[PDB]
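J.: Have a look at this one.
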Ligand SMILES: *[C@@H]1O[C@H](CO)[C@@H](O[C@@H]2O[C@H](CO)[C@@H](O)[C@H](O)[C@H]2NC(C)=O)[C@H](O)[C@H]1NC(C)=O
Ligand SMILES: *[C@@H]1O[C@H](CO)[C@@H](O[C@@H]2O[C@H](CO)[C@@H](O)[C@H](O)[C@H]2NC(C)=O)[C@H](O)[C@H]1NC(C)=O
Ligand SMILES: *[C@@H]1O[C@H](CO)[C@@H](O[C@@H]2O[C@H](CO)[C@@H](O)[C@H](O)[C@H]2NC(C)=O)[C@H](O)[C@H]1NC(C)=O
Ligand SMILES: *[C@@H]1O[C@H](CO[C@@H]2O[C@@H](C)[C@@H](O)[C@@H](O)[C@@H]2O)[C@@H](O)[C@H](O)[C@H]1NC(C)=O
Ligand SMILES: *[C@@H]1O[C@H](CO[C@@H]2O[C@@H](C)[C@@H](O)[C@@H](O)[C@@H]2O)[C@@H](O)[C@H](O)[C@H]1NC(C)=O
Ligand SMILES: *[C@@H]1O[C@H](CO[C@@H]2O[C@@H](C)[C@@H](O)[C@@H](O)[C@@H]2O)[C@@H](O)[C@H](O)[C@H]1NC(C)=O
Ligand SMILES: *[C@@H]1O[C@H](CO)[C@@H](O)[C@H](O)[C@H]1NC(C)=O
Ligand SMILES: *[C@@H]1O[C@H](CO)[C@@H](O)[C@H](O)[C@H]1NC(C)=O
Ligand SMILES: *[C@@H]1O[C@H](CO)[C@@H](O)[C@H](O)[C@H]1NC(C)=O
Ligand SMILES: *[C@@H]1O[C@H](CO)[C@@H](O)[C@H](O)[C@H]1NC(C)=O
Ligand SMILES: *[C@@H]1O[C@H](CO)[C@@H](O)[C@H](O)[C@H]1NC(C)=O
Ligand SMILES: *[C@@H]1O[C@H](CO)[C@@H](O)[C@H](O)[C@H]1NC(C)=O
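Next comes the structure, spelled out in structure tokens:
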């Protein structure tokens, strides 16, 4: 059982990079692969941004942001973060931190409350 | 040995959905996978729309219509049909019903006469 | 050990096909798969055009030129060539002939001096 | 080899699934199967020839270990699992054979307990696995696939 | 097991190709190979020890079934078919070995008839299958592939 | 069969890697394993029954060839190489086991020389290959993969 | 009722009671030089190399 | 790559609610459903088409395969007013359907 | 993904006609040719580069591999006036070449 | 699909120079580095992240995996003024980074 807490600027201007972080309490992020970011955009619905494997540092990103998003970890702070470059008004959305466990034996999610970010 | 007979509107207006059907005589469409639609467009030549597997109901569609075309069956009527959404003038073409048999042991086609559809 | 020598027009006009050749000395091009063309464009850097397998004649081309480039061989002349259709100003670049050897046991390149081609 | 041969026997199914090579390695290699493969002659051999009854008992033991091994490999091959210690299939679980959730069996049961719970459904399951593979090959011999 | 062991023998090649597991399952499991694997002792065994000639004849039969099985598996492995009952290769058909169309052989001939038609080309075909696999591995050891 | 059985023995590792089927084909097929599989009875057989000591020596030779073959196949299976004569793994080379570049060993050494250079690291390498495969299966049982 | 599928595992640590033939072995130390000892001739397979338990 | 339907249902308490979802490509059996109440992050309800997530009421069930899937809520309660989402788990893009609402009157 | 050439041939009766087709990517040996007479739906002539379809005259033959293929009609007859099509069978898109015409004078 | 950094380094003779390169996707261990002097075609320096090409000085070394890689030149000499390139060898597109310069003062 973990708790996910997001934090970051609620406002980013055109062409700026948006930086959001998520703290993880109750377990480690150096392991437990499947730390991810999800975006909820009014008028579009839910989409994935991508995720990171705490054990290796590898990442996968949804193709729409293949050239725009970076996901990385601070295993000392036991927090992870999302950075999206060249942010525009179209990126206004509710951003969430989530943990997805999907193995042969178990399936579950943990979601944080998220951060609403306005983009000018 | 089967016979394929197409039928449907010879005229569709912009942004309307075009609906064409094909009756199958001589064999079943609940089986015999490979029931398909082919389009012949003057100035472009022949292209596939997609096909359906009568045994499972699964389909595959040519990527150009991945978001536009639906293929399904009426196994009671032993007929199958094609629906293409948001049809435009560029979709004027001769549409055909065809049966493609391609296995390790045999290769053959059966084609119907087709329906010419004008799009405004 | 081989030497690669490129030759061809240093100027091509819009919508013309650019044709460059490369002679190979010291070994055969009917074998030794991995004969290739590389483009160096000021302002963009290095990119591949594609390559040919001397033993079979098969080719692979970088997707950006999938519909524009042909690579083939003259095994009698022991030379190979590149043809790019519908050439435009954006294709001004330094073009190179190269041989890439990449197997389980060895890795090496041979590069020719290249041809600078101006496109109007 | 044999450094924890049945060490996971009292552990849960989940944990025990991580030691599968440990038991696999000991199915074809008993002591006599190691002595028989020395570069030097084993020396003992004359005993088993002078007294042929002992020679026969030893061979029967060696032949049987091989036959049992090969039969298990043949079943895995038939079911579509050539190699692999863990393989997925297309046969659904019936929920009659055993009616427990994943969080109960992988975490609370040992493999011995599981074996004693579904032992009289073994042949049904094996039969279904074979039918599934045959159906898959029938679908493979269709160039339009799925 | 053995519920239609050669049932497809008089059927066409096409239909018979759908029963391949039926014959495969009976190559390693005769009656004596089932009795030898009982949890209880088989009881009979003392007879085969008291009279060693019978013990030897039984072992020879068991060893041979294993050797024949393994040789067929080795050939499939060499030809690039590890597992699978049906596998495709890159060796073209010569049209000298047999000169019939697909619609004639898969629908009108039985496997016994086919076997009696191309039996003296068997070694040529096997030789080509091995060469093909060696060529494929040579191509695999090239990181530029095809 | 046996037309160049150890022909590559004095050749370099690179060249010798191209003849691997040549040696593989001779591991399960000695002369006696060919005579034992004739359609006709071999005739000799009565000798090996009348004199049971000779019958036992022959079986021991046949059983051993099978056991050795199967043990090598089991290791390849455990290491994740079911079939294939050449397979790549994820275990890095230590540069302690042997410290030579690729252009030196593949072109200048024979396999016999190589075998005499790293023979006391064999068990370390085999142990690592097994651990690597176990780690791979642990990663496979994760539907988010890598 | 979960939507589960059959997974096949090989190398599972499971057993059944059984009868079989054991092969016998001995500690080839002092007993090795007995020469005409019956038991030292029959239980020829060397064992007890700090055996596992 | 999946579309839900209808945009909204309006049901009496105790009535059974059904929502459909159609894929553009086969998603095999890899389908999950989520419940998002206003002010909340989505909760997992169902995974692998019909398996209930731990802590989910037996009101919730579902079925389907390939491209055709349904979420069903029997004995619908006022506490079930939410936006329900269809989630693809058979491919890399992991897309979601747009979300539909069920409201109890 | 395949281009046929020339757009049209004009031949005397009994003359041999040849049509080429080039792929942008290898199509292995998976190539079929079709004959479409005016008012007709295309008829299969050749499959897998050189295998004749049932009912096809021996005038028709072909060859090629990878990317380079040819359709040949020997002893060309007036009944062979048609548009001939090159069909890719080695990938999902299954594209067709544009179609070329052969006319007998 | 890879980006090098910084655009340029300026070092004293004998100083150690380091250049980074980041991938957008994992490139496994398949990374090569090249040296292009003005008027020259690129020379291979390092392959498979850290293996030296035949004829390369021991000044050159490197490390990295997945997406994070570094090229290092110790004891930098005036003869090392060049543009250094990062080359992807883990996929079909084989992209190159933009190239960075190292200059000795
Ligand atoms: C034998 O049973 C005990 C009790 O269930 C197991 O103890 C667990 O050990 C793990 C690993 O150290 C701990 O994380 C658990 O919390 C322990 N369980 C309890 C209830 O305290 C023990 O592992 C079992 N033996 C084997 C071989 O699995
Ligand atoms: C033995 O030969 C007969 C005659 O060829 C086979 O009969 C066919 O059976 C199928 C299935 O019922 C029918 O669809 C065919 O029409 C029958 N053929 C004819 C000519 O009537 C019979 O199947 C063969 N036996 C086996 C085991 O295959
Ligand atoms: C035995 O050793 C000799 C000498 O190294 C090998 O000779 C080489 O043969 C190849 C093929 O004909 C030539 O390309 C090389 O140039 C020869 N080497 C030299 C130094 O001249 C011979 O091949 C070896 N035997 C075997 C079976 O490999
Ligand atoms: C699921 O179970 C259904 C009921 O089968 C009955 O119970 C099992 C345990 C056996 O004893 C069987 O003989 C009984 O009739 C089956 O009808 C259904 O086919 C099963 N599904 C699968 C995949 O096996
Ligand atoms: C195709 O056949 C050609 C002719 O070979 C002759 O006939 C065969 C049946 C044998 O008896 C052979 O010894 C004869 O020379 C071959 O030249 C050609 O290589 C064959 N193609 C393949 C793939 O085997
Ligand atoms: C690489 O080598 C390191 C040093 O190990 C030492 O030398 C080897 C040959 C053995 O004798 C070992 O017992 C010694 O401690 C290892 O620490 C390291 O793990 C090795 N890497 C791999 C993949 O094996
Ligand atoms: C079948 O197995 C169950 C295991 O719970 C056992 O209770 C039952 O008696 C067995 N059936 C028969 C006929 O032995
Ligand atoms: C080879 O097989 C054919 C089968 O039709 C047979 O007629 C021919 O006699 C055989 N050749 C020899 C030398 O036996
Ligand atoms: C280990 O192998 C090397 C091979 O060069 C040999 O020199 C060394 O003596 C061996 N070690 C032992 C303990 O035998
Ligand atoms: C599995 O069943 C047990 C016993 O009924 C129950 O306590 C447990 O919560 C169930 N697991 C899940 C995920 O519902
Ligand atoms: C196969 O050969 C037979 C006998 O010549 C012939 O009747 C049949 O039509 C041929 N099949 C095809 C597809 O041409
Ligand atoms: C391999 O080592 C030898 C001996 O030190 C050396 O001569 C050869 O050049 C080295 N190979 C490479 C590619 O550096």
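Residue numbers (the authors' numbering), protein chains in the order written: chain C, 1 to 35, 35A, 36 to 52, 52A, 53 to 82, 82A to 82C, 83 to 100, 100A to 100C, 101 to 112; chain J, 1 to 35, 35A, 36 to 52, 52A, 53 to 82, 82A to 82C, 83 to 100, 100A to 100C, 101 to 112; chain K, 1 to 35, 35A, 36 to 52, 52A, 53 to 82, 82A to 82C, 83 to 100, 100A to 100C, 101 to 112; chain B, 518 to 663; chain G, 518 to 663; chain I, 518 to 663; chain A, 31 to 83; chain D, 3 to 107; chain M, 3 to 107; chain N, 3 to 107. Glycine included, C-beta positions come from ideal geometry on N, C-alpha and C.
Should residue 621 of chain I be counted as a contact of ligand 12 given a C-beta to heavy atom distance under 8 Å?
T.: Yes.
J.: Does DSSP put residue 60 of chain K in a helix, a strand or coil?
T.: In the structure shown, residue 60 of chain K sits in coil (DSSP, three-state: anything other than H, G, I, E or B).
J.: Check each residue of the stretch 10-30 of chain M: if its Cβ is closer than 7 Å to any Cβ of chain K, include it; give the result in chain order.
T.: Those residues of the stretch 10-30 of chain M that come within reach of chain K (Cβ to Cβ, closer than 7 Å) are 26 and 28.
J.: So is residue 619 of chain B in contact with chain C if we call contact Cβ pairs under 9 Å?
T.: Chain C, which has a Cβ nearer than 9 Å to the Cβ of residue 619 of chain B, makes this yes.
J.: Count the other C-beta atoms from every protein chain shown that fall within 10 angstroms of the C-beta of residue 497 of chain I, then say buried if there are 16 or more, exposed otherwise.
T.: Residue 497 of chain I is absent from the structure shown; chain I starts at 518 and stops at 663.
J.: Taking residue 549 of chain B as the reference, which of I/533, I/534, I/584 and I/523 has the closest Cα?
T.: Selected option, being the one with the closest Cα: I/584.
J.: Give me the pocket residues for ligand 4, defined as CB within less than 7 Å of any heavy atom, sorted by chain position.
T.: Chain-ordered list of matching residues: B/608, B/609, B/611, B/613, B/614, B/638, B/641 and B/645.
J.: Out of curiosity, what's the CA-to-CA distance linking residue 105 of chain M and residue 58 of chain M?
T.: Approximately 19 Å between the Cα atoms of the pair.
J.: Going straight from the alpha carbon of residue 645 of chain G to that of residue 34 of chain J, what length do you get?
T.: So the two alpha carbons sit approximately 35 Å from each other.
J.: For a test of the three-state rule: what should DSSP assign to residue 125 of chain K, helix, strand or coil?
T.: Because residue 125 of chain K is not part of the residues shown, which for chain K are 1 to 112, the question remains open.
J.: Applying a beta-carbon distance threshold of less than 7 Å, which residues of chain J neighbour residue 658 of chain B?
T.: Within 7 Å Cβ-Cβ: 98 and 99.
J.: Leaving out five residues before and five after residue 531 of chain B in sequence, what residues of the same chain have Cβ atoms less than 8 Å from its Cβ?
T.: Cβ within range, chain order: 623 and 624.
J.: I'd like to know whether the C-beta of residue 71 of chain C is nearer than 9 Å to at least one C-beta of chain N.
T.: Output row for residue 71 of chain C: interface = no.
J.: Would you tell me roughly how many angstroms separate the C-alpha atoms of residue 52 of chain J and residue 86 of chain J, rounded to the nearest one?
T.: Their Cα atoms are separated by approximately 25 Å.
J.: Starting from the C-beta of residue 13 of chain C, find all residues in its chain whose C-beta is less than 6 Å away, skip the five residues before and the five after it, and write them out in chain order.
T.: Cβ neighbours of residue 13 of chain C beyond the five flanking positions: 112.
J.: For a quick check, are the C-beta atoms of residue 603 of chain B and residue 40 of chain A less than 9 Å apart?
T.: In contact: residue 603 of chain B and residue 40 of chain A (Cβ atoms closer than 9 Å).
J.: Quick one, which of N/43, N/84, N/103 and N/72 has its alpha-carbon nearest residue 25 of chain N's?
T.: The option with the nearest alpha carbon to residue 25 of chain N is N/72.
J.: If we ignore side chains and look at the alpha-carbon of each, how far apart do residue 6 of chain K and residue 17 of chain K end up?
T.: Approximately 17 Å, taken between the alpha carbons.
J.: Under 8 Å: does the beta carbon of residue 46 of chain K sit that close to some heavy atom of ligand 9?
T.: Checking every heavy atom of ligand 9 against the Cβ of residue 46 of chain K, none is found closer than 8 Å.
J.: Does the structure place the stretch 74-94 of chain M close enough to the stretch 14-21 of chain N that three or more beta carbon pairs sit under 8 Å?
T.: The stretch 14-21 of chain N vs the stretch 74-94 of chain M: no contact.
J.: Kindly indicate if chain I contains any beta-carbon less than 9 Å away from that of residue 572 of chain B.
T.: It does: the Cβ of residue 572 of chain B has a partner Cβ on chain I nearer than 9 Å.
J.: Measuring only the C-alpha atoms, how far is residue 629 of chain G from residue 637 of chain G?
T.: One C-alpha to the other measures close to 14 Å.
J.: On the CB-based measure, 16 or more other CB atoms within 10 Å of its CB, does residue 21 of chain M come out buried or exposed?
T.: Result: buried.
J.: Under 8 Å: does the beta carbon of residue 71 of chain C sit that close to some heavy atom of ligand 12?
T.: No.
J.: Nearest-angstrom Cα distance between residue 4 of chain J and residue 65 of chain M?
T.: Taking the straight line from one Cα to the other gives about 31 Å.
J.: Would you mind telling me which residues of chain I sit closer than 7 Å to residue 641 of chain G, beta carbon to beta carbon, in chain order?
T.: Ordered by position in chain I, no residue passes the 7 Å Cβ test against residue 641 of chain G, which lies about 15 Å from the chain.
J.: Tell me where the alpha helix (DSSP H) around residue 60 of chain D begins and ends.
T.: Looking at the DSSP string, residue 60 of chain D is not in any alpha helix (DSSP H), and its letter there is neither H nor E.
J.: Put residue 130 of chain C into one of helix, strand or coil per three-state DSSP.
T.: Absent from the model: residue 130 of chain C. The displayed extent of chain C is 1 to 112, so no value can be given.
J.: Select from D/27, D/7, D/6 and D/23 the residue whose C-alpha is nearest the C-alpha of residue 92 of chain D.
T.: When only C-alpha atoms are compared, the closest one is D/27.
J.: Run through DSSP, which three-state label would residue 607 of chain B get?
T.: Residue 607 of chain B falls in the strand class under three-state DSSP.
J.: Cβ closer than 8 Å: which chain K residues qualify as neighbours of residue 68 of chain M?
T.: Going along chain K in sequence order, the residues near residue 68 of chain M (Cβ under 8 Å) are 54, 55 and 56.
J.: Against chain B, with Cβ distances strictly below 9 Å, would residue 607 of chain G count as a contact?
T.: No, residue 607 of chain G does not count as interfacial toward chain B.
J.: Might you give, ordered along the chain, the residues of its own chain that have their beta carbon closer than 6 Å to the beta carbon of residue 69 of chain K, omitting 5 neighbours on each side?
T.: 49, 51, 57 and 80, listed in sequence order.
J.: If you draw a straight line from the alpha carbon of residue 30 of chain C to that of residue 73 of chain C, how long is it in whole angstroms?
T.: Distance between the alpha carbons of residue 30 of chain C and residue 73 of chain C is about 6 Å.
J.: With the cut-off set at 9 Å, would you say residue 581 of chain G and residue 576 of chain B are in Cβ contact?
T.: The answer is no: Cβ separation not under 9 Å.
J.: Does any residue of chain A have a CB that is nearer than 9 Å to the CB of residue 52 of chain D?
T.: Residue 52 of chain D counts as touching chain A.
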